[PDB]
Amino acid sequence: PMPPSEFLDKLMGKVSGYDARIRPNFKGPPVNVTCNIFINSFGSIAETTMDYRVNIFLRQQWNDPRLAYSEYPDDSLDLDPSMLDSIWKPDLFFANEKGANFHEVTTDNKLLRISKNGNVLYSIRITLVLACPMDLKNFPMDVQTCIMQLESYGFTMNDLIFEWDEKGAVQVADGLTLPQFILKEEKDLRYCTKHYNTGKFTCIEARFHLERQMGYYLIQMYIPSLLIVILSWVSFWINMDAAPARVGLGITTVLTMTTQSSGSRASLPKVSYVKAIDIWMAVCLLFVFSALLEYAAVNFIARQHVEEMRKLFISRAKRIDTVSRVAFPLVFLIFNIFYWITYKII
Amino acid sequence: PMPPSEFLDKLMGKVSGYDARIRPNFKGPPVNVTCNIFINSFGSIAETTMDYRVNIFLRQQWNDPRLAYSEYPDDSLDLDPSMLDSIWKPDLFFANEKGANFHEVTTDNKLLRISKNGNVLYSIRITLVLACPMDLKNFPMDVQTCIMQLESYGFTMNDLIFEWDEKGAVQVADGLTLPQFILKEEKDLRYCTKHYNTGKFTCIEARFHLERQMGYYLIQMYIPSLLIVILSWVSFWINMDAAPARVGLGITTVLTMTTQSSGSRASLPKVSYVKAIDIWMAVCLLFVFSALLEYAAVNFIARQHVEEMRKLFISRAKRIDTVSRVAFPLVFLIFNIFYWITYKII
Amino acid sequence: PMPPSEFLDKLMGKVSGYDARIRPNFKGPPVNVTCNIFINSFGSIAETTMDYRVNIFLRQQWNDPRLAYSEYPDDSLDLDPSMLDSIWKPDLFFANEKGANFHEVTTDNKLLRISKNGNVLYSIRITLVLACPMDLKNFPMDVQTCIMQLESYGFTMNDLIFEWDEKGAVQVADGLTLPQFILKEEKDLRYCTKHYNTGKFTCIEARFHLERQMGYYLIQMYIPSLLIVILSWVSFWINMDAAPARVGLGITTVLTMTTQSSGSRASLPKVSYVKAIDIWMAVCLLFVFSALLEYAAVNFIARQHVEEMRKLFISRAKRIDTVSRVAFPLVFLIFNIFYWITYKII
Amino acid sequence: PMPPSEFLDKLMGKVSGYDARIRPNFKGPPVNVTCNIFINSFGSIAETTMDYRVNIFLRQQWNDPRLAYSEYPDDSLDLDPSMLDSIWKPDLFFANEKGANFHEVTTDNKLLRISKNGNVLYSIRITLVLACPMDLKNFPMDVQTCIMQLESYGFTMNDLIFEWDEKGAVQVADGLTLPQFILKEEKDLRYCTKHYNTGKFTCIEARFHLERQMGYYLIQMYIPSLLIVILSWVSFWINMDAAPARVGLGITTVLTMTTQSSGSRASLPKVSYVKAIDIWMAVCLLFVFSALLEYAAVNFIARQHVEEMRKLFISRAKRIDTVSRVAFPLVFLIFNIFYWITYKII
Amino acid sequence: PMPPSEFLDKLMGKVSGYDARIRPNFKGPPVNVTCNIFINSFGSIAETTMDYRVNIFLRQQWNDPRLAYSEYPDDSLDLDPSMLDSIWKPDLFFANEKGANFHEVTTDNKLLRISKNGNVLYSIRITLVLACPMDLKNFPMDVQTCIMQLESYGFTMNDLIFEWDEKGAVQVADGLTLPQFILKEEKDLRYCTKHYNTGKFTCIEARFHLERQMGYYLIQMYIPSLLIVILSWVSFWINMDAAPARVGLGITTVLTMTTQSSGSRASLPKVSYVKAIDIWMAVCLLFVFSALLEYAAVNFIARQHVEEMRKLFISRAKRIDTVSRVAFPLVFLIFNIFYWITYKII
Ligand SMILES: *[C@@H]1O[C@H](CO)[C@@H](O[C@@H]2O[C@H](CO)[C@@H](O[C@@H]3O[C@H](CO)[C@@H](O)[C@H](O)[C@@H]3O)[C@H](O)[C@H]2NC(C)=O)[C@H](O)[C@H]1NC(C)=O
Ligand SMILES: *[C@@H]1O[C@H](CO)[C@@H](O[C@@H]2O[C@H](CO)[C@@H](O[C@@H]3O[C@H](CO)[C@@H](O)[C@H](O)[C@@H]3O)[C@H](O)[C@H]2NC(C)=O)[C@H](O)[C@H]1NC(C)=O
Ligand SMILES: *[C@@H]1O[C@H](CO)[C@@H](O[C@@H]2O[C@H](CO)[C@@H](O[C@@H]3O[C@H](CO)[C@@H](O)[C@H](O)[C@@H]3O)[C@H](O)[C@H]2NC(C)=O)[C@H](O)[C@H]1NC(C)=O
Ligand SMILES: *[C@@H]1O[C@H](CO)[C@@H](O[C@@H]2O[C@H](CO)[C@@H](O[C@@H]3O[C@H](CO)[C@@H](O)[C@H](O)[C@@H]3O)[C@H](O)[C@H]2NC(C)=O)[C@H](O)[C@H]1NC(C)=O
Ligand SMILES: *[C@@H]1O[C@H](CO)[C@@H](O[C@@H]2O[C@H](CO)[C@@H](O[C@@H]3O[C@H](CO)[C@@H](O)[C@H](O)[C@@H]3O)[C@H](O)[C@H]2NC(C)=O)[C@H](O)[C@H]1NC(C)=O
């Protein structure tokens, strides 16, 4: 017999009237193309530009009666990736590409096989940098949901319809790990049918829940953010007579805590709303600032102190020192409870 | 009958004398091309290079009598995006491109349909990085106006005219949100007809008002910029005898405020004029510097103090301490009123 | 006779039925392609994106009976790199490309020679940026293993099989040096046969062990990380009466050590687990923090001190000063032993 | 009649012997090509790499007798930008390109019109990143001169000559503003004829004077650079008995001034010569360092002070304090005059 | 007669049997191609990636008897750069490209002329980013030697040999200046013949000595690195009774010197060996650390001081103060001599 390359020349050549500019089943029902992606590499999720780089295998399957051969004895004929400009292909595109490219390492990474009944498998490797609106109302304890939509651009709903297959619409790699987030096993599948001034177009999308890993932020901006508050608590255990001791403590600590506040949003987007890490530094900033005002109240009584009425001012300046050793270690603990409970339920 | 691919070969082939290098209605009136864009993604507005990345759908509509078919029973014939090099297309370009590229993810993102009367719709996806002169006279409270002009390069006014359509000249996406700014619903539409040494060319543009969100700057460079001034106010409530207490306070605070001034223009363009954030740090720098000179005036009187005339110098050195507790908390409030009123009207 | 260019036109032209879209030995055994790479340049191994740039010479050898000439008197015929689109080539690709490109400096860097029996050598220069999961459980003393897999995309196992040659499967350059790591002479060779929903494909890979050089981290983040702890030890040799001396020492040192902790993960990925450099700064942070609490215990006894019972409190406040000069210099040495032994065996 | 597309096929087709590989007026005088650029966008002038990005409209005009039509009734025939590979074009190139690209947004931005006498206008949009040797002998008050040369590569002087036109050789945009520098209205026009081992080639260039705007540097690195010196002057108004007051002032200020010196060359090229900003920080570093040595001379006399001869040492230690309040405020003013006069004339 | 474009069609057309896939002098001696480069732009030598960007004019000259015309009366025929795909060209490539590109600004920057005897000149503009192993054993006083090799990829030694010409093998631009380094006039020329598993290939290279300019490092990291040591010397001229004076001096200076050590390797590669700038900061770190231990020895004697034996401890605590004023100013000078002598000979 003849090889599949010469066998398909009768179906993709000048004979049989086959044209790559004509969609299958013309003047009839639209083409129902089913798609399924395979995430190979994931990560590099930046927040300054609010985008993430993904590498998926976009599989496409449809039905073309013009390529339904019945003379070849086999059931699957592989095609050279250099002959993709001869058959019709869906005009699939993403609405959040923001720059993309293919891979042509020694061969155009394309897969093309034709079944006997007319099933055509089209799998290619695409490297996308997808964008998603980052919701940072609770930055250290948020559940991001970055989606990706597959719309049409040249054909409307009556000519091309995208759908998901029931046999693993979205597969995940075996050893796919992320440096900062984690990929949940549950991925939603809903439609995203858009409507413009020209018409209506099909759209398919899949939700991806990306939960953060609190192990990183808990060590860098939570343990040092708590030890600095302890530095302001040791001033109560120091005598009220040493002026340079408690003054230098209430100033060097209250100024190095601002660096922690400025160092908590160094690589974060400039959002207007307040996040969960801005209420942890601001409240702890009040503790390192109230300790400065605490010494300002103790030193103000000692500098004012008549022999009987002045002996009570010394005890009054020391009575507040007996409560500050218990108030702040018990008030900061109350805020430490309302913080790790409210942001663990919402 | 015959498919539209073979039907349009009579209108785009060697027959009928149709050439892609000839504009419609030659030796007559110019081609009136109407355009309308659809902003899909917006943001990433940097200030060091004074540019912003945009992703729009550039729709183009004109009239070509050479493509006015009258035999096909339908009213809209979709075209393959691979056949855009056969018909005439307007030479539309932007005067502020500064690098651009198309999107060819599995298909050239182009839309092409031809009506019966000769209406040709041309919609493509372009990713532009547009530039605009940043007016930073009031940096935290400015209303930026970044525009984009669509000029001609090969045809003059007598051969190609660009205009805006009245049915939604500029559409906005449904869920288009910006991280730093906000997009106003009012967009101006005016002409930008340029004149060069070669001739005159058409030009269409649309204004985009981008108001900032003060919620970000109010927390990072306004709350810490005010608490440092309070650190210089607590020196008045400290006795005038402790030298290392008030000296270290008037130096560590006046030097950490300069870091806030240098940290306020870390990612800003090097403009010559003064902005609204440079007058907030410089005036607050005077308060943290006047407190240093305030102790220099109190300590200078105590070191100079004859038994009757010296008792008044001690009261004089304490009389200024009774006014500094009221002057600065009431003078900084006056500047706090004139600042948030002048920059809220202009 | 005729030159090899005209001699091979009979084997690569329209005659002999040779087609570049047909794999050798069709309807029979699969093509056994042996590959061997030659690493020219290596390094630039970043950790923020977890990727490294490599430049190898990908050699490919297979058997094509359709190109087995028997009339030319020579044994090796060199081919012009501009004629690679006429013969069949394996669709080799990498599963961790993440962007790649060729080199076309004055000539496409391709090698093509055909033997008499049908051996075809295919060598090209590819610049890859390969990714690997960075295991940073012990950051300064880890042995990274970055691999690279060569999979198929268009042909399954029954049509294309990749294998390694026994004569130097992976060669190393003569003067290939790395700035940070070192390349070990032992490189493992194992298979990576994947299985997808479409079928099974061949895969070959080679392990690369990249041991770090501790000479860099030992000087920058280990010598200064130890001298700061010595600054907290000198407070014991200072009299317990000078308050501003020991207070300023226990605060300026405990706050500059946090900068060393924040400066140890400035260009590191945001991992959740704790690494070996996070337990060296945190434990040393306890020493510079216990010295602050040590003075808080000595000053608390002196401020409390009845004529006979008060003379023992002065000796008690000095007895701890006689143990702190020996405890911390001997407790930090114990942690210094358990650290450099546990992380030198695992 | 026939359209210009079919009319010019007789002049650009196989007939008439017109070839795009032959320069006009062969075996005779060279082609005198006149050029004129139009700067659209300017700025982004970095100093680390010593380059600036420019966007100009390169117009080219020459004479081609082979295209001198005499049958068409019009005087200017516009050409499709897709037919630039049919006529001869000058091989113009820049000697300081360092990477460049064109703009192909929906159309190749090319202009091509042919006059009756043979005048051919060629205007294209080129985005260049031009380099210039940065002369930073006086960094805040220099007048940079970045030029751009247009050389030939394939034709020598006897075959191609570039010249400037007298009617606006270099035009400037109407609203072209720069963020840091300013563009002067005077632009020099001189030749740059080079000589290599192959021969001599034509060259045209234009000088661009880029004066800096001192409004930026005067606020960031000149006002804080002067207030720190004032902090060292207030130590003279403090009593000579307070040791921790004047010691901490002469150390915290002398160390934060070094940050201003290191912060003045953070984004500057590593040049060997000294600039005008390195002599302003180094001299001011002497003032904040002489104040430290001033207290070292006052405290050395007080610690040495026999009942009559010791009373003069106290007055001697205070006599220098009466001159330091007048010397430094009058010596720093002398350097402040010689600085803003020498660098305002050269 | 006929123009050179039509004259060379007889030598580059279907007639005469000329093929671009055949090297000259086949079945005979190899082609001796002589090359000579012309460095136009040089600099941008980074150290994090260990690469430098260069822009050279790669001239190539060989002998092709098939192009030896004898009928044209001239001696040099210029060729259009669009016809380089018709003649044979050497497959020259660099072994350290790491990404490269050509320049196509309005014309492919290629030079092609053919002599009567068969001499063919081939000059193109290539922008390379070449790599070299940075030897940083003495960072401020090293002599870097970055080379560039021109190897073959498709032809072995018996088919293509590269050589250097004796008439200026490597030329330098007239006004080529470097921001950091300097280019020496002496450039070595040696061979780099490599040997692989396939065979042996020709190779030509040229050495480039790049000496650093010490004027930059001497001001930024050598003058401030010496003044901080002077701050530790002034503590000896202060009385031994002021505790907060000498304690704060021996801590604030010893901690700001570590920033100079961390600030000396901010943009340097992470090498394991010690460089010449790491022994200048570490030794100076001992001086600012020995001054802290010097006060720890003086204060330890004063706190210990029986009426006759205690008067000698006061003199002993002051005797070391009389030697420290002379020891350190004379020991640091000894290290200052051995440093600037050992690194000025090797
Ligand atoms: C692609 O998928 C669409 C569905 O999304 C298919 O369209 C549906 O096709 C049926 C005929 O097969 C149309 O008729 C209906 O038939 C059912 C019985 O199956 C009957 O109960 C209904 O009353 C109706 O007559 C139906 O209108 C149509 N639906 C839509 C929304 O178009 C289409 O056939 C598929 N195309 C191919 C090539 O498989
Ligand atoms: C494209 O749009 C232009 C307008 O911007 C159209 O041009 C105008 O066309 C009219 C004829 O239709 C020209 O004549 C005028 O007619 C009015 C009555 O409608 C009459 O009152 C005037 O006195 C005049 O005779 C008019 O001069 C012309 N204007 C310009 C500025 O060119 C043009 O026809 C449109 N082209 C197409 C193909 O639709
Ligand atoms: C490519 O390599 C494969 C092996 O990976 C070759 O396949 C093996 O080929 C033999 C025949 O040569 C097949 O038959 C076996 O022969 C042995 C004797 O050599 C006999 O003991 C066995 O019982 C069996 O009959 C064998 O099944 C086959 N193995 C596989 C896994 O396919 C193949 O021939 C190679 N192709 C070329 C073109 O060299
Ligand atoms: C392109 O420009 C060059 C000048 O840069 C033109 O060349 C000059 O052409 C004249 C003839 O037109 C040559 O002859 C001279 O004529 C003058 C009178 O005009 C006479 O006084 C002189 O003694 C001499 O005979 C002249 O040598 C030549 N100069 C050079 C440097 O080539 C050239 O003609 C222009 N080409 C075109 C096509 O316009
Ligand atoms: C390209 O350069 C090579 C040299 O690198 C040329 O090869 C040498 O060519 C000579 C003949 O011209 C060969 O023969 C020798 O001749 C000398 C007298 O000149 C004689 O004393 C020797 O005993 C020997 O017979 C020589 O073997 C050969 N050397 C090599 C290494 O190949 C070659 O001819 C040049 N090609 C062209 C086209 O110019």
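Residues numbered from 1 in each chain as written, not as in the entry; some residues may be left out. Chains lettered and ligands numbered in written order. Heavy atoms only, no water. Residues with missing side-chain atoms left out of burial classes, pairs and counts.

Draft legend 1. Highlighting the relation of the copies chain E and chain D. The operation relating chain E to chain D is a screw motion whose rotation component is 72°, with 0.0 Å of axial translation and a residual RMSD of 0.0 Å. Interpreted geometrically, this transformation is the action of a five-fold axis. The rotation axis passes nearest to the C-alpha of E:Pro244 in chain E, at a distance of 4.8 Å. Taken as a fraction of all interface residues of chain E, those also at the interface in chain D reach only 4%, which identifies the copy contact as different-surface. (Least-squares fit on C-alpha atoms. Contact = heavy atoms within 4.5 Å.)

Draft legend 2. A look at the site of ligand 4. All names here are of chain D. Near ligand 4 the following residues occur: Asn25, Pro29, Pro30 and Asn32. Within the side chain of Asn32, one N or O atom sits 2.4 Å away from an oxygen atom of ligand 4. Look at ligand 4: alone it shows 750 Å² of surface, and the protein chains cover 19% of it. Taken together, the residues of the shell around ligand 4 break down into two nonpolar, two polar and no charged. (Near = heavy atom within 4 Å. Polar contact = N/O pair within 3.5 Å; in protein donor to acceptor, adjacent residues only side chain to side chain. Areas by Shrake-Rupley, 256 points an atom, 1.4 Å probe, with all protein chains shown as cover. Nonpolar A, V, L, I, M, F, W, Y, C, P; charged D, E, K, R; others polar.)

Draft legend 3. Region of interest: the interface of chain A and chain C. Taken together, the 55 residues of chain A in the interface contact 52 residues of chain C. Buried area between chain A and chain C, both sides added, is near 4700 Å², and the carbon and sulfur share of it is 62%. Counting the surface chain A buries against chain C, the share from its top three residues, A:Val105, A:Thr106 and A:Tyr216, is 15%. The partner of A:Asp74 in a salt bridge is C:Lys27, with the nearest N and O atoms 3.9 Å apart. At the boundary of chain A with chain C, the tally comes to 11 residue pairs in polar contact. In terms of residues, the side of chain A that touches chain C owes the most to one element, helix 5 (residues 243-262) of chain A, which gives seven residues. By residue class, the composition of the side of chain A that touches chain C is 24 nonpolar, 19 polar and 12 charged. (Buried area = accessible area lost by both parts, 1.4 Å probe. Salt bridge = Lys/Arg side-chain N within 4 Å of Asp/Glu carboxyl O. Helix = DSSP H or I, 4+ residues; strand = E, 2+ residues; numbered from the N terminus.)

Draft legend 4. Broad picture of the domain arrangement of chain A. Residues and elements named next belong to chain A. Domain parsing of chain A yields domain 1 (1-213) and domain 2 (214-346). Every contact between the two is made by 12 residues of domain 1 and, on the other side, 18 residues of domain 2. Broken down residue by residue, the surface that domain 1 buries against domain 2 is led by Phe139, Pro140 and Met141, which jointly contribute 41%. The interface formed by domain 1 and domain 2 contains zero salt bridges. Its residues placed into classes, the side of domain 1 that touches domain 2 shows five nonpolar, three polar and four charged. (Domains from an automatic or database assignment.)

Draft legend 5. Looking closely at the site of ligand 3. Residues and elements named next belong to chain C. Looking at ligand 3, the residues that line it are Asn25, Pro29, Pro30 and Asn32. Between an oxygen atom of ligand 3 and a side-chain N or O atom of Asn32, the distance comes to 2.4 Å. Its free accessible area being 760 Å², ligand 3 has 19% of it covered by the protein chains. Taken together, the residues of the shell around ligand 3 sort by class into two nonpolar, two polar and no charged.

Draft legend 6. Representation of the state of the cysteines in the model. A complete count under the given rule lists 10 disulfides over all chains for this structure. The disulfide partner of B:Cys132 is B:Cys146, and the S-S distance across this bridge is 2.2 Å. Of this pair, B:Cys132 sits in the loop between strand 7 (119-131) and strand 8 (143-145) while B:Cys146 is found in the loop between strand 8 and strand 9 (148-152), placing the two residues 14 residues apart along the sequence. Disulfide pairing is shown between E:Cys192 and E:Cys203; the S-S distance is 2.0 Å. Residues E:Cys192 and E:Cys203 are joined by a disulfide whose S-S torsion is about -90°; by sign, that bridge is left-handed. Residue E:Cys192 is found in the loop between strand 13 (189-191) and strand 14 (194-195), and its partner E:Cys203 is found in strand 16 (residues 203-206); the two are separated by 11 residues along the sequence. Judged by its relative accessible area of 1%, E:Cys203 is buried. Described in terms of the sequence order of its bonded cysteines, the disulfide pattern of chain A is 1-2, 3-4. Considering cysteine sulfurs only, D:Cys203 is the nearest to D:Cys35, which forms no disulfide, with 11 Å between them. Since its relative accessible area comes to 0%, D:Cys35 is described here as buried. (Disulfide = S-S within 2.5 Å. Buried < 20%, exposed > 50% of the residue type's maximum accessible area, 1.4 Å probe, protein only.)

Draft legend 7. Spatial organisation of the packing of aromatic side chains. According to the stated counting rule, one finds 140 aromatic pairs over all chains in the structure shown. Judged by centre distance (5.2 Å) and plane angle (45°), the rings of C:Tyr222 and C:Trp280 are tilted. Here C:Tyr222 is found in the loop between helix 3 (214-220) and helix 4 (224-233), whereas its partner C:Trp280 is found in helix 6 (residues 278-302), with 58 residues between them in sequence. C:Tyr222 sits in the buried class, given a relative accessible area of 3%. Assessed through its relative accessible area of 1%, C:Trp280 is described here as buried. Here the aromatic rings of D:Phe287 and D:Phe328 are separated by 6.1 Å at their centres, their planes lie at 85°, and the arrangement is edge-to-face. With a relative accessible area of 8%, D:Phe287 lands in the buried category. (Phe/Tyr/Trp six-rings, centres within 6.5 Å; stacked < 30°, edge-to-face > 60°.)

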